[PDB]
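# Next input, structure requested:
(2 chains, ligands or ions: 8)
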There are 2 protein chains.
Amino acid sequence: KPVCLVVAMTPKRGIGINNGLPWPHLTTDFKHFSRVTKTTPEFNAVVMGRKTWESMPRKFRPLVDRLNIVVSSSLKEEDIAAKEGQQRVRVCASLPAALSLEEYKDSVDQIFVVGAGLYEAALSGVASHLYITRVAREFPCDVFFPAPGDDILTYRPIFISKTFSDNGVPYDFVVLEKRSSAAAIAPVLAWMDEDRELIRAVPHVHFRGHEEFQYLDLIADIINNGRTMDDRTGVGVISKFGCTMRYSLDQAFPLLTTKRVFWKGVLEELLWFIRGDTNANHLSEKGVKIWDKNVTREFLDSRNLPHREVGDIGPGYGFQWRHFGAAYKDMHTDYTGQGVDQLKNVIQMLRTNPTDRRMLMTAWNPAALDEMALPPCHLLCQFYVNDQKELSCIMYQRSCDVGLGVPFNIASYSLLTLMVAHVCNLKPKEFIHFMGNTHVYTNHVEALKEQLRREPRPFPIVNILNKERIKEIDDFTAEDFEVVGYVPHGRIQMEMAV
Amino acid sequence: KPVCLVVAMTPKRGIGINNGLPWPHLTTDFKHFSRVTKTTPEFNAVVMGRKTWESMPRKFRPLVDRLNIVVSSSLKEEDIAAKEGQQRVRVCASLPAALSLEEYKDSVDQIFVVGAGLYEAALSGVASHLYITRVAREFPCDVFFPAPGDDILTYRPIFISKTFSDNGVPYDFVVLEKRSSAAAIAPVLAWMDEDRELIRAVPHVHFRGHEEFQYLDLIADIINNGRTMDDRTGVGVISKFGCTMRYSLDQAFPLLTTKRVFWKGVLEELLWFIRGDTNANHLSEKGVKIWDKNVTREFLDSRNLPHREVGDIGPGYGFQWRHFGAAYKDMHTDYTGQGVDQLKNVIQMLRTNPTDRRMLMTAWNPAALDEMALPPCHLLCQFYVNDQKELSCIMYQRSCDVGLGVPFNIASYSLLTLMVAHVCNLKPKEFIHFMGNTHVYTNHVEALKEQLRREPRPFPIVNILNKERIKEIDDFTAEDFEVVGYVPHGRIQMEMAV
Ligand SMILES: NC(=O)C1=CN([C@@H]2O[C@H](COP(=O)(O)OP(=O)(O)OC[C@H]3O[C@@H](n4cnc5c(N)ncnc54)[C@H](OP(=O)(O)O)[C@@H]3O)[C@@H](O)[C@H]2O)C=CC1
Ligand SMILES: NC(=O)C1=CN([C@@H]2O[C@H](COP(=O)(O)OP(=O)(O)OC[C@H]3O[C@@H](n4cnc5c(N)ncnc54)[C@H](OP(=O)(O)O)[C@@H]3O)[C@@H](O)[C@H]2O)C=CC1
Ligand SMILES: C#CCN(Cc1ccc2[nH]c(N)nc(=O)c2c1)c1ccc(C(=O)N[C@@H](CCC(=O)O)C(=O)O)cc1
Ligand SMILES: C#CCN(Cc1ccc2[nH]c(N)nc(=O)c2c1)c1ccc(C(=O)N[C@@H](CCC(=O)O)C(=O)O)cc1
Ligand SMILES: Nc1nc(=O)c2nc(CNc3ccc(C(=O)N[C@@H](CCC(=O)O)C(=O)O)cc3)cnc2[nH]1
Ligand SMILES: Nc1nc(=O)c2nc(CNc3ccc(C(=O)N[C@@H](CCC(=O)O)C(=O)O)cc3)cnc2[nH]1
Ligand SMILES: O=c1ccn([C@H]2C[C@H](O)[C@@H](COP(=O)(O)O)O2)c(=O)[nH]1
Ligand SMILES: O=c1ccn([C@H]2C[C@H](O)[C@@H](COP(=O)(O)O)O2)c(=O)[nH]1
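Numbers count the residues shown, from 1 in each chain, chains lettered A, B, ... in the order given. Ligands and ions are numbered 1, 2, ... in the order given. For reference, the structure is listed below:
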């Protein structure tokens, strides 16, 4: 009785223009499409429409090792005679009729629907599952997919793949669904035990391969297995202390789809980190006001620096990066020469001695803290190159703010890793996340509660444009980037704690 | 009709003396001895010898919610309690004759035999499984256990507990034994897994809950999933970059059992980080030579310090902890007063502002590296207290030598945590391990793997002696400790890549 439907698709439901597919041969999909419809472990049926049949290459088009059926009225038998095992290709008046052709039951064990209108037909019971490549890079189409919701901003999600990429296209794969020895030793497992938790992320999606879940389940654990603590601000925290998330970069770039990340500013801050700016005023008016609230006249006073020109973060972050150990004067002082340029070495090292185990970047100088707007959240990282000339990053963070900053802070260093990857002449492998007191604020509860009701969407690609004018990490300029096929959910307003 | 035994013994197989039990009430065992023997998710039987019966206080004697059978010819008639009143008591002649009580077979699911004399005749033919509370201390005994091979230096494992403890007694729990749609989901998992000799720590131990496994498994993955690299020394490693481990402290200290830890030096070294000495000729002189290797005349001349007194580690770990950023003169130089006393701030904060997120200890001072014998491995740590006045630690190691140093490293910063927990007046919970490039030298390939065969033994518990006289971190003296119930296998010995 039951059937399945293979579809690749632009997020707005496009499938095929001028009789074809609009994306350049994406190959990790062609794997997927093959090794689904071909398998019963170690033949199946593939039922397409007349025009679906046409969009195929002549040598390819007897779809191999599975029976084909074509819902057509004009053609029938001019098809073959066009030349082992390979089944005589059939033509069935309609799709309910394709099903009737069952003379065939037992001789096939899975039927797979590879056409628009034919798709509408399938919906008008039949199926149960819908194998769907989520393509995120949009293209123009004419033939669009029919009416379950998300993909853009019932058949329930049961699988999310981890986002891949070929020839400029980010896309993940999804699955929609219609809606003694061993035991003798449980007596003891029984008592050391406590079991279900049950404020968890996305339950009905069983296979959870989209890397973002680390984060979403990092939320759950926090409220589930965290403790309700005081902190500086006056706004209640729920903390675990010490977690971890590592992400793939070698395909798609890890910008949180769950809610519109603030890209813009994580880029603008990195530069500001690459530059060595300590004047947060240089940020503010470029539209990035995240640090505006940590240097206010009213705040530097409550940080015991009455001696600071509102904005000055002092020897904070990147200052410690490029000028370590120096006597910092003011956010107008040209510091070019003073202090260790940690960051200078990392790249010098990486391009000559990649096997070194001294590729770090410490923003924690104890002989400072009471001079900065605030002592550093993300305080240290490390770089590494293995067999495949692939760069990889670890960053260590004292205080991670999951509702708000983490999302941000995530890209920041992933983005950076790309930065470093390129300058050193490499292809970027993995960023990883090591966190101190890991917590969420109390007014972040209800809002995060709701973010948990969102499916992760395929990650974007982030490109370095102008790779050939870029030779060093400064040659990077707020323009040399392309945030592609990024398909976010809606932003969630979560208040910052001063 | 095979069965299970309820043991609770010392490493040499000692079980009871002068008719009692030789260890002070151990409660986490008593529960364990309760829950096991009456179960199979919706009674059982407990069979014992005459004196094994006279052990119990009469209030305990009727072992409630189970069947009690006592093989003995002397005792025939009793009553000490004699209501529901389900229990029913029964006396026997011999064990094979208690078995011969199957009436009963329906009324009871499994029988458990709880001592000596009856233990040795239960083997000498039925049985199958052995519920054994490995007790890590020895005590004076007379009534021992029969003929063991894994209490000290068939019945194969399956399950290892995680070392608990009551009243100064560490002990593991172990088990020995005789010798609807997701079908849709499969097609895709299939191909993704498609690369798929993998060696593995004790695979005949299914439940692996001891904790040391993290490390043993840490080995497996390293050779299994790591890269063949050239490193500084010219030895060659297999490395993964980015691993972790976090160990239970509030019951037992995580001193490694698979191979004898070189405890002795670990204690001394930390104190020598607590003292901050740089002259390794002090260390050498108490019989610890792990560091005398990287401070030879030839090594500092290979570190282009022609001006360093064979030993002087430079402004290394300890120096960076107690006197930060300060001009370092020599390994004799009294520096008392210079720089930042990172550590002193930590306790200071912890006794006052525990909810702080500024309780750290950085030894990565990049304005130093060119001076020291080596740039710091265990570079950063962090202190945290939840609302349960419990401490916790993260340390961050840039580089890790799994074979030799890691075990060593493990104790150090655990041992530390205990100190910090006691001095701040707290009860320690957990240490956590964050490692960068994590690698095993290629000449450790074989030694390790032979370590892989060894069972973890229950962890030891470590005590601070002279808790009263100890008021600050300095008040610690190389003798204010005892290692209790540590039962390692022999040390393997793995060369150090100079
Ligand atoms: N990205 C992806 O996953 C996919 C990409 N594509 C693309 O889509 C485009 C073509 O799709 P589409 O225009 O919808 O063409 P179809 O493959 O759906 O074929 C249409 C024709 O098939 C017959 N047919 C289809 N449905 C019915 C029906 N319900 N009842 C009776 N006959 C039916 C008719 O044939 P007749 O006129 O002879 O009577 C009809 O003209 C191409 O550009 C193609 O490459 C195609 C498949 C999937
Ligand atoms: N740590 C633990 O897990 C355990 C602790 N213990 C301790 O062990 C000690 C007592 O053990 P143990 O000395 O060995 O005494 P037992 O419990 O084995 O009892 C011995 C008596 O039971 C009868 N009996 C036992 N075995 C046989 C046999 N094979 N054939 C015929 N009769 C048999 C005889 O009784 P009779 O003379 O009347 O004919 C015999 O004298 C105590 O100190 C007790 O507390 C006891 C249980 C387990
Ligand atoms: C991490 C980091 C760097 N930082 C610095 C920074 C400084 C103090 C902090 N304080 C606290 N308590 N939490 C933080 O996350 C935090 C972050 C950030 C600061 C703000 C936003 C932020 O407000 N994001 C919002 C709105 C931004 C916008 O659109 O203008 C959002 O879109 O969700 C992001 C990053
Ligand atoms: C980590 C750390 C601190 N250190 C410092 C230290 C310095 C340089 C290093 N270099 C390398 N390549 N690996 C290390 O583990 C290492 C460790 C240690 C050094 C040696 C031993 C060691 O030799 N342990 C042996 C034998 C000791 C003995 O004689 O008893 C053992 O018993 O296993 C342990 C710790
Ligand atoms: N996910 C998905 N991706 C697609 O490309 C796709 N294409 C169609 C129709 N278009 C085409 C065009 C060419 C081939 C094709 O040549 N198929 C080969 C793949 C070669 C390989 O094994 O890599 C095949 O034999 O299956 C298939 C479908 C229908 N559903 C789809 N569904
Ligand atoms: N693992 C193990 N631990 C033991 O202490 C033990 N003891 C015996 C015999 N000694 C004793 C002495 C007293 C009680 C007793 O009072 N039993 C109570 C436990 C109380 C509780 O539930 O906490 C019982 O009702 O089972 C049991 C065994 C046999 N096998 C053992 N096996
Ligand atoms: O890059 C950053 C910078 C700041 N914070 C958040 C984490 C803490 O919740 C908050 C307050 O800083 P402290 O009170 O921990 O200094 O800032 C981040 O998460 N990431
Ligand atoms: O506390 C320590 C000190 C040293 N090492 C080992 C790790 C490296 O294998 C080795 C060499 O140091 P670098 O070449 O990475 O500096 O020392 C540790 O694992 N832990």
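# For chain A, what lies in contact range of ligand 7?
Within chain A, the residues that sit near ligand 7 (C-beta under 6 Å from any ligand atom) are A:232, A:374, A:377, A:378, A:399, A:400, A:401, A:405, A:406, A:409. To be clear about C-beta, it is placed using only N, CA and C from the backbone, and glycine gets the same treatment.
# Of these, which is the most crowded?
Highest neighbour count within these: residue A:400, with 26 neighbours (other C-beta atoms under 10 Å in any protein chain shown).
# Any figure for the gap between the residue nearest to residue A:466 when sequence neighbours are not counted and residue A:473?
Nearest residue to residue A:466 in three dimensions, chain neighbours excluded: residue A:480, at 4.6 Å (C-beta to C-beta, 6 or more residues apart in numbering or on different chains). Distance of residue A:480 to residue A:473, given as C-beta to C-beta, to the nearest Å: 12 Å.
# For ligand 7, what's the nearest residue on the stretch 51-200 of chain A?
Proximity of the stretch 51-200 of chain A to ligand 7 (C-beta to the nearest ligand atom) peaks at residue A:199, 21.4 Å away.
# which SSE is that residue in?
Using DSSP states H and E, residue A:199 falls within no helix or strand.
# Go ahead and confirm residue A:210 touches residue A:159.
No - contact criterion C-beta atoms under 8 Å: residue A:210 and residue A:159 do not qualify, at 9.5 Å.
# Distance of the residue of the stretch 201-350 of chain A found nearest ligand 8 relative to residue B:369?
Nearest to ligand 8, among the residues of the stretch 201-350 of chain A, is residue A:349, at 12.8 Å (C-beta to the nearest ligand atom). Distance, residue A:349 to residue B:369, by C-beta to C-beta: 12 Å.
# again, but for residue A:1
70 Å.
# higher neighbour count, the two?
Remark: of residue A:1 and residue B:369, residue B:369 carries more neighbours, 17 against 7, as counted by other C-beta under 10 Å.
# mind listing what the closest residue to that one other than its chain neighbours touches?
Among residues not flanking residue B:369 along the chain, residue B:375 sits closest, at 4.9 Å (C-beta to C-beta, 6+ apart). With C-beta atoms under 8 Å, 6 or more residues apart in numbering or on different chains as the criterion, the residues that contact residue B:375 are A:358, B:369, B:398.
# host element of residue B:375?
According to DSSP H and E, residue B:375 maps onto no helix or strand at all.
# Pull out the buried positions in stretch A:145-155.
Neighbour counts using 16 or more other C-beta atoms under 10 Å in any protein chain shown place A:145, A:151, A:155 of stretch A:145-155 among the buried residues.
# what's the closest of these to residue A:444?
For those, the closest approach to residue A:444 (C-beta to C-beta) belongs to residue A:151, at 27.8 Å.
# distance of the closest one from residue A:9?
Residue A:151 sits 7 Å away from residue A:9, going by C-beta to C-beta.
# a markdown table for the residues of chain A next to ligand 7, including distance to ligand 4?
Formatted as a markdown table, the residues of chain A next to ligand 7 follow (distance: C-beta to the nearest ligand atom, whole Å):
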| residue | distance to ligand 4 |
| --- | --- |
| A:232 | 35 |
| A:374 | 34 |
| A:377 | 29 |
| A:378 | 27 |
| A:399 | 28 |
| A:400 | 28 |
| A:401 | 34 |
| A:405 | 34 |
| A:406 | 32 |
| A:409 | 31 |
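# neighbours around the one residue in chain A that gets nearest to ligand 8, how many?
Nearest to ligand 8 in chain A, going by C-beta to the nearest ligand atom, is residue A:357, at a distance of 3.8 Å. By other C-beta under 10 Å, the residues close to residue A:357 number 21.
# From ligand 4, how far out is it?
According to C-beta to the nearest ligand atom, to the nearest Å, residue A:357 and ligand 4 sit 11 Å apart.
# Which of the helices or strands spans that residue?
Applying DSSP H and E, one finds residue A:357 in no helix or strand.
# Let me know the helix or strand that the closest residue to it other than its chain neighbours is in.
Spatial nearest neighbour of residue A:357, excluding adjacent residues (C-beta to C-beta, 6+ apart): residue B:399 at 4.3 Å. Element membership for residue B:399 (DSSP H and E) is strand B:391-401.
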